[PDB]
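Taking the form deposited in one PDB entry, here's one chain by itself in structure tokens.
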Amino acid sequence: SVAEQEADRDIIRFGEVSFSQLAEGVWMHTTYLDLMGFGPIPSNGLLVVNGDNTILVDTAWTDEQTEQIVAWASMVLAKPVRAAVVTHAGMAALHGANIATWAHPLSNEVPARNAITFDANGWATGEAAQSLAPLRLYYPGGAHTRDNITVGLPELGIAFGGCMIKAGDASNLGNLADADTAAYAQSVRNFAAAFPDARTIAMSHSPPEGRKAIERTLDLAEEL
């Protein structure tokens, strides 16, 4: 249940969206999907303050939920979303709101409008790096998908692993139908080394925890 899943934490509710604060100016948005009736599954992303605007990491499950995140930033925070980045292939809602959207260039080969320039070490450069700061964008290699990316806030000790990172007590890596199974373990090692000091690890389908999420994900990936 949603109530059981949120009993741990201090959650602010806005429509169907659950907001929780990871750090000053760093919001996690959580929404739920129960499509076949099997139980609500969370999807998490971030809303990060920069000056008088916010930067969005990932959409919610639905257009209507994504519209609520945009409205919370504009109406409540009074810091409208000006840019968004998705970590894997809701988008229509962002474009309806004239939000500049960013993705890995090969993801979804509705696309994001802007393709991130990644250097050969996996770090974003150019307009993506300027526009999404203070987020640091990192491409670790193929894992859950070929083109999955990650983001970090090194000054606040937060790293977001998207769909690549699973919970510290996970027993499997979920759906590997699109996965690069041979590369997965090294990509997790690359992520861990890109954000080596962060003690708050956030991810797409489990609540935030510590670096045990990286350790367990790596162990599972090494068995593929």
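Between two forms, the rigid core is the largest collection of C-alphas that superpose within 1.5 Å. Residue indices: 1-based, along the sequence shown.
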Gap between residue 89 and residue 90, counted in deposited residues with no coordinates, falls in the class 4 to 9
Mean C-alpha B factor from the entry: is it higher for 53 to 61 or for 35 to 43? 35 to 43
Mind pulling up the entry and telling me whether 170 to 178 or 62 to 70 has the higher mean Cα temperature factor? 170 to 178
In the PDB entry, which of 112, 83, 153, 149 has its C-alpha at the highest B-factor? 112
Sort 106, 129, 100, 120 by C-alpha B-factor from the entry and give me just the highest. 106
Is the Cα B-factor recorded for residue 211 in the lowest, middle or highest third of its chain? middle
Split into thirds by Cα B-factor across the chain's modelled residues, where does residue 143 land: lowest, middle or highest? lowest
What third of the chain, by the recorded C-alpha B-factor, contains residue 135? lowest
Is the Cα B-factor recorded for residue 75 in the lowest, middle or highest third of its chain? highest
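Only in words, not in the display: the form deposited in another entry, which the text now covers.
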Superposing on the rigid core, is the CA of residue 45 displaced by 2 Å or more between this form and the one not shown? no
For residue 142, decide whether the Cα shift between this form and the one not shown is 2 Å or greater, given a superposition on the rigid core. yes
Fitting the rigid core first, would the Cα of residue 166 be found 2 Å or more away between this form and the one not shown? yes
Please say whether the CA atoms of residue 177 and residue 186 come closer or move farther apart in the other form, knowing the change relative to this form is 3 Å or more. closer
Report the direction of the Cα distance change between residue 160 and residue 168 in the other form, compared with the displayed form, as closer or farther; the change is 3 Å or more. farther
